[PDB]
Every structure is written in structure tokens, then in C-alpha cells.
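Have a look below at one chain only, the form deposited in one PDB entry, in C-alpha cells format.
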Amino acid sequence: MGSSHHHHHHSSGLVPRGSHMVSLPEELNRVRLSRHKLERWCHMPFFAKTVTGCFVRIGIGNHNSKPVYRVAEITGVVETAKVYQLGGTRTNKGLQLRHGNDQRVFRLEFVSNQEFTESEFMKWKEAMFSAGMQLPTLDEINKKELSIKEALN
């Protein structure tokens, strides 16, 4: 039909249909994960795969003067040597978020629950651009948003 079996022969290639690239924070908002979602998936099984590729709204700089939030791509879940206090879950893990090429671990607690903006998107865009990394395609976004609904439901 559409998603029927696993079509995985992608070492490199040209994706059809969602062949264009995400240039809207809105599409990044459907694949956007908030800490609330992470919180509820915190106790769940291997969600790390599902969240990998999806984007989270992390705030870096949000503490001093202006609420600075940026788009960060989730690159897996790593463990921390110290469990933190979050909406009541207790977890010693984090995701490896990435802004362009900024691969860094952030705790669920630093994550936003608000929506993305053009300012945030463009800032991530400049990070990816400055990294030489390409923006994701709408196919990926589709696969992520679909994976999201399968994770929650």
C-alpha cells in the first residue's frame, strides 16, 4: 500500500514524493518533540529509535536575558551518570541533540514545550548550512510524524 514491509535500500539516493526539503517550522513542529512527550516516553521501551531523526525544541541560552531556543535533531538516547528530576519520572538518560553539527547531550529538563518559530528554524538552518548538512526532506518528516503517532498510539 504505502508503508508495507520495510523498504530499506538507502545508502545514498534520491527520495521521491517528499523529495523537497523542509523549510517550514510547521513541518518541524509536527516532528517536534517537547519534553512532555519525552517525559511520557521516558518509561516506555526503545523510543530512542523513533525519536532519532525527529527534532526537539531545546533551549540553550534560555536562562540569560532572552529565551533562546533552537531546533535540535535527536540523535539517539544516551545515559547520564546522574538521574534527574523531571515531571515525575526519574531518568538517568538524555538524547544527543544536534544543531547542524553540534552533537551534544541535553537533559529532558532543558527542553521546551512550546512551538518552533521561523527564527528558531532559520537558526538551525544556518547551523546545518554552516555544517554542510542538508535539511531533511518532507518524506523524512512524514516518516517521523508517522513514527510519532505510532509511538504515542
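The first residue of the sequence shown is number 1, and the count goes up from there.
Only in words, not in the display: the form solved in complex with a partner chain, which the text now covers.
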_Heavy atom of residue 99 within 4.5 Å of its partner chain in the entry with it bound_ = no
*Report whether the minimum heavy atom distance between residue 32 and its partner chain in the entry with it bound is within 4.5 Å.*
no
*Wondering, does residue 125 line up within 4.5 Å of its partner chain in the entry with it bound on heavy atoms?*
no
*Consider residue 59 of the chain shown here, and say whether it contacts its partner chain in the entry with it bound, taking contact as heavy atoms within 4.5 Å.*
yes
*Which among 104-112, 46-54, 22-30, 117-125 is in contact with its partner chain in the entry with it bound, heavy atoms within 4.5 angstroms?*
104-112
